[PDB]
């Protein structure tokens, strides 16, 4: 299906993302507070996607709304971007299974991972800055792109758009922190180490939160939700576990310890310490 993210104002941005969330996901019974929830992506057939138009980055421009981003629905991975003015779909190499009718599909050499993109972009997500201005230049860079080999400038654009679209969809914390750049003040949003670490634990969080039943807190690796409102303020959309990214090892999603819900693998990872007694040599 087709959707739009309107960057005109903070409220149009938030309403755009919420409309996508409502359509592709279902709130969790035990983590919602009015219209603000943690929602599980509804299962769709493999290859299912959404085409998300980008708009409102410069309201003095009636023809800056010709960039689209193709997003696989089950995982919110960005498969590629579409120049509607040239009817050309530039597709990452790991998404050969995503096909668009009636659009000139261009299969590119490199993949969509942040490791590949950061290397080519010479830019790390941690500390990366995003403003309305730099999003416009990101839009320009992608619309001025040609060929099948991603460039530094196109990779920087993708990294910025992934954060403010797909990552913002997943994490209400990224939505809330970034939307301040859509003010008339035009400030700059910086993606913090905390923001990045959230995206690196998305699958791990997705495997834990379905088991939440009102516990005081939740611990997932380096992530800490110290009350339920911290959960809703951080997380908006999670994967459907029961996707390969939901499990690292083992089969026990959580361990409840003192009314805190722990990712079991985290507990296991600091409970496997031998008697310090045995730190010895040659005796």
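Positions refer to the first chain, counted from 1.
Item to check | Unmodelled deposited residues flanked by residue 63 on one side and residue 64 on the other | outcome: Nothing is missing.
Next on the checklist: Highest mean C-alpha temperature factor of the two stretches 119 to 127 and 196 to 204, which is it?
Outcome noted: Taking the mean B-factor of the alpha carbons in each, 119 to 127 is higher.
Checklist entry - Looking at the entry, does 100 to 108 or 158 to 166 show the higher mean C-alpha B-factor? => result Higher mean C-alpha B-factor in the PDB entry: 100 to 108.
Next on the checklist: Looking at 244, 217, 253, 56, which one carries the largest C-alpha B-factor according to the PDB entry?
Outcome noted: Most elevated C-alpha B-factor of the set, per the entry: 244.
Item to check | Within-chain third of residue 44 by Cα B-factor, per the entry | outcome: For residue 44, whose C-alpha B-factor we compare with every modelled residue in the chain, the answer is the highest third.
Checklist entry - Should residue 147 be placed in the lowest, middle or highest third of its chain by the C-alpha B factor in the entry? => result For residue 147, the deposited C-alpha B-factor lands in the middle third.
Next on the checklist: Where does the C-alpha B-factor of residue 80 rank in its chain, lowest, middle or highest third?
Outcome noted: Ranked within chain, residue 80 CA B lands in the highest tercile.
Next on the checklist: Where does the C-alpha B-factor of residue 271 rank in its chain, lowest, middle or highest third?
Outcome noted: Its C-alpha B-factor belongs to the lowest third of this chain's values.
Checklist entry - Ranked by Cα temperature factor within the chain, is residue 240 in the lowest third, the middle third or the highest third? => result Its C-alpha B-factor belongs to the middle third of this chain's values.
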